[PDB]
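The structure appears below as C-alpha cells.
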Amino acid sequence: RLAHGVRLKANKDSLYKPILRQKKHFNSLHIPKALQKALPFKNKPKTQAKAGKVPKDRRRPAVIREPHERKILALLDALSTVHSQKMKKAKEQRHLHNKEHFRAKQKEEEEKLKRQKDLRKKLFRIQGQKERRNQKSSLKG
Amino acid sequence: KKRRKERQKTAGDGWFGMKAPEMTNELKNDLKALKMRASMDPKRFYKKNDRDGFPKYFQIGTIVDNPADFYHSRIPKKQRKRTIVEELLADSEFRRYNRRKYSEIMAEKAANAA
Amino acid sequence: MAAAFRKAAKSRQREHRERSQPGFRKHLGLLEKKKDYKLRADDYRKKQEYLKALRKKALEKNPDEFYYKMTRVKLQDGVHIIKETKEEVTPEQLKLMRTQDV
Amino acid sequence: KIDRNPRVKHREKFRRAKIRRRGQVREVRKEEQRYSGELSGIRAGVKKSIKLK
RNA sequence: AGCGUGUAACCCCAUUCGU
C-alpha cells in the first residue's frame, strides 16, 4: 500500500458508534367486554365514570385569581415537586444499601451451618451407639 | 361529653392553656412550607419531621428586636414581611435555585414522556 | 495463587462494543438486542398469564350469585361502572348560588 | 498513585475514619458564635438516655 | 352480523340491453 497509492477506506457500517436508545412504553392491558361480564362479582373490575357534562344553567363561573396569590400558589407546587422527588430518590438509596446488607448477612449463616453440622457430627456418633443398646432391650422393654 | 369537648379546645394546664387556632388557607400554606424546608437550601440538611400531620396546638409570632444585635442580627423593616410564604417569595437566592431545580425536573420529565 | 492469575488477566478493561443498525435500514429504527427483546417478551408473558387467570375464574362463575351492591348498580355493556353520586340540590339552595355568582 | 507511598495512604484512612465516626457520635464544639438555634430540627420523641437497673 | 389489543357480501327496489 505504501509503494502504490492505495489508501485505506473504512466502511461506515463497521465502525462503532453510540446507540443512544430511549426507554420503551407499552399499552395497558385491554379486557374484552364479554370477559368482564363473565367474570364473578368479586373479580370484576370496577371503575368510576367521568360524567364531565354539566347543564348550562347548573354550571357556575370559575374563580378568578389575583396575580399575587397565583405567585404564592405556583411557588408551593414548585417546592412540592422538588421535595417529592428528593424523598423518592433518597428512598431508593435506602433500599439499595439495605439490599447488600441482607445479602452480606446471608453469607455467614451459609458458613455458620457448615460449622454447625461438623461440630454436631462428633457428638452424633456417641448418641447413635446408645441407640444400639435399645435394640437388644426393645423386645424385653 | 360536654366536659370532654371543652378540654380538647385547649392544650391544657401543662402548657398554660394554649388554644388551637382556626385553620385557614394562609395558615395551612405556612405550615406546608415549614415541612418542606429540607429542599430550600441544597447546602443545608435537616432531621426528619416529628409528625407527618400538622400540630393541633401552635401559635404564630415574630422575634423581638434587641439593642445589642443592631449589626450582628437584625433585618431592616423594608425586608420584613407579614408571613413565611411571602418571605420565600422575596429572597432572590431561594427563587434562583428553585427555578433551576424545577426546570431540570420538567426537562428530564419531557424526555421521560417522549 | 489463583487470585493472582485472575488479577493479571483483568489488567485490561476494554470490553466488547455494540454494533448499530445499518445505514440503509436506519428509518426502520434501532437494532434490538437481547436486553431490548427481554423487556417486550416479559411484558407479553405477564399479560397472557393474567388473561388465563381471568378466563379460568369465569368457568366456575355462578349466575345465581347475589350481592347487596347489585341492588343499586346496573351493568353497562357488561362493565361495572360506578356512577357518580347525585348532589340533590334544593330550589332555595339553587337561588342562593345564582345570587352569589352575580 | 496513593498506593505508592504507605505514609500518605495511612493519612487518608484516618481522614475517612473521622468522617465515618461522625455518624455514630457527635463531636464537641465551643460557643464561638452567639447561640442562634440548632441549625436543624429538635426531635422531642427520641430518648437517648441509658437505663440503670 | 359474528370471531379477532405485542410501542360486510349475498340479498332488496328500480334503469337499460337482449338470443
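Every residue, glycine as well, gets a Cβ built from its backbone with ideal geometry; the counts of neighbours run over all protein chains shown. What follows draws every value from the coordinates through simple rules; no lab data is involved.
Using the Karplus curve 6.51 cos²θ - 1.76 cosθ + 1.60 with θ = phi - 60°, what ³J(HN,Hα) values do you get for each residue of segment A:130-141, in whole Hz, with x for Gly and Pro?
5, 5, 5, 5, 6, 4, 5, 8, 4, 6, 5, x
With N set to the residue count of segment A:84-124, report its C-alpha Rg divided by 2.2 N^0.38 Å to two decimal places. Working shown, then result.
Details: Rg = 18.4 Å, N = 41, 2.2 N^0.38 = 9.0 Å.
Segment A:84-124 yields a ratio of 2.04.
Mean separation of Cα pairs under 8 Å and 6+ residues apart, divided by the residue count of chain B: what relative contact order is that in percent?
Answer for chain B is 23 percent.
How would you rank A:73-82, C:11-20, highest first, on the average number of other Cβ atoms within 10 Å across their residues?
Sorting A:73-82, C:11-20 by mean packing, highest first, produces A:73-82, C:11-20.
So what does the Cα-only Debye profile of chain C read at q = 0.10, 0.18, 0.21, 0.24 Å⁻¹, as log10 I(q)/I(0), no solvent term?
Reported log10 I(q)/I(0), two decimals: -0.78, -1.10, -1.18, -1.26.
Roughly how big is segment C:1-86's charge dipole about its Cα centre, with Cβ charges of +1 (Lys, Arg) and -1 (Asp, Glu), in debye to the nearest 20?
For segment C:1-86, the charge dipole is close to 680 debye.
Can I get the semi-axes of chain B's equivalent ellipsoid? Compute them from the C-alpha gyration tensor as square roots of 5 times the eigenvalues, in angstrom, largest first.
34, 25, 13
Using a Gaussian network for chain A with springs between C-alpha atoms less than 10 Å apart, which of these wobbles most: A:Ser28, A:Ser14, A:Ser84?
Judging by the Gaussian network model, the answer is A:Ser14.
Between the helical axis of B:25-35 and the dominant principal axis of chain B, each derived from Cα atoms, what acute angle in degrees is found, rounded to the nearest 10?
70 degrees
Taking the Cα centre of chain B as the origin, how large is its charge dipole in debye, to the nearest 20, when only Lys and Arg (+1) and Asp and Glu (-1) carry charge on their Cβ atoms?
560 debye
What are the residues whose amide H is under 5 Å from the amide H of D:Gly41, where those residues sit 5 or more places off or on another chain and H is modelled from the backbone?
B:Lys47
Please build a GNM for chain B, connecting alpha carbons under 10 Å apart, and tell me which residue among B:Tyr71, B:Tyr57, B:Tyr97 fluctuates the most.
It is B:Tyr71.
If the reach is capped at under 30 angstrom between alpha carbons, list the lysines near B:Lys78, excluding any in the same chain fewer than eight residues apart.
A:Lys71, B:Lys28, B:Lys32, B:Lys35, B:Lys43, B:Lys101
³J(HN,Hα) across segment C:57-65 via Karplus (A = 6.51, B = -1.76, C = 1.60, θ = phi - 60°), whole Hz, x for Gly/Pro?
3J(HN,Hα) across segment C:57-65, in whole Hz: 5, 5, 5, 8, 5, 9, x, 8, 4.
How large are Rg and Dmax for segment B:73-114 when only the alpha carbon atoms are used, in Å?
For segment B:73-114, the Cα-based Rg and Dmax read 15.6, 50 Å.
Rounded, prolate or oblate: pick one for segment B:56-96, where a ≥ b ≥ c are the square roots of the eigenvalues of its C-alpha gyration tensor, a/c under 1.5 means rounded, and failing that, prolate if a/b is larger than b/c, else oblate.
Values: a/c = 2.45, a/b = 1.09, b/c = 2.25.
Oblate is the answer for segment B:56-96, as a/c is 1.5 or above yet b/c matches or exceeds a/b.
What is the ratio of the Cα radius of gyration of the protein assembly as shown to 2.2 N^0.38 Å, with N the residue count, to two decimals?
Scaled against compact globular proteins, the figure is 1.64.
What is the sum of charges, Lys and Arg at +1 and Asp and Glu at -1, for the other residues whose Cβ falls under 10 Å from the Cβ of D:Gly41?
Once all neighbours under 10 Å are counted, the net charge is +2.
Roughly what angle does helix B:92-113 make with the longest principal axis of chain B, taking Cα atoms, 0 to 90 degrees, to the nearest 10?
Helix B:92-113 and the main axis of chain B meet at about 70 degrees.
Please list, in chain and number order, the residues 5+ apart from C:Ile81 or on another chain whose amide H is under 5 Å from its amide H, with Hs placed from the backbone.
Answer set, sorted by chain and number: C:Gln76.
What order, most packed first, do the peptides D:15-23, B:38-46 have when packing is the mean number of other Cβ atoms within 10 Å of each residue? Could the numbers behind the result be given before it?
Details: D:15-23: 8.7, B:38-46: 13.1.
Packing order, densest peptide first, comes out as B:38-46, D:15-23.
What net charge do the residues around C:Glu18 carry, taking every other residue with its C-beta under 14 Å from that of C:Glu18, with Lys and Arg at +1 and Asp and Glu at -1?
With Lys, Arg at +1 and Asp, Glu at -1, the net is +4.
Working from the pairwise distances between different alpha carbons, so that the mean of 1/r is found and then inverted, what is chain D's Kirkwood radius in Å? Each step should come with its number before you reach the end.
Working: mean 1/r = 0.0647 Å⁻¹.
Kirkwood hydrodynamic radius for chain D: 15.5 Å.
If you take the charge dipole of chain C about its Cα centre, with +1 on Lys and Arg Cβ and -1 on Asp and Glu Cβ, which of C:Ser20, C:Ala3, C:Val102 is farthest toward its positive end?
Ranked along the dipole, the leading option is C:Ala3.
Among B:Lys47, B:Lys101, B:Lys35, whose mean-square fluctuation peaks in a Gaussian network model of chain B (Cα, cutoff 10 Å)?
In the Gaussian network model the winner is B:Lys47.
So what J values fall out for segment C:40-45 if you push phi through Karplus, 6.51 cos²θ - 1.76 cosθ + 1.60 with θ = phi - 60°, rounded to Hz, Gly and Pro as x?
6, 5, 6, 5, 5, 5
Based on Cα coordinates alone, diagonalise the gyration tensor for chain A, multiply each eigenvalue by 5, take square roots, and list the semi-axes in whole Å, largest first.
Numbers: eigenvalues 828, 402, 144 Å².
Here the semi-axes work out to 64, 45, 27 Å.
May I ask which residue of A:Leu76, A:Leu119, A:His97 lies farthest towards the positive end of the charge dipole of segment A:69-141, with charges of +1 (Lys, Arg) and -1 (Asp, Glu) on Cβ and the Cα centre as origin?
Farthest towards the positive pole: A:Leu119.
Please state the charge dipole magnitude for the protein assembly as shown, taken about the Cα centre, from unit charges on C-beta atoms (+1 on K and R, -1 on D and E), reported in debye and rounded to the nearest 20.
Dipole of the protein assembly as shown, to the nearest 20 debye: 3000 debye.
Show which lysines lie in cross-link reach of D:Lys51 when reach means a straight Cα distance below 29 angstrom and same-chain residues fewer than eight apart are skipped.
B:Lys47, B:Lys48, D:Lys18, D:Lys30
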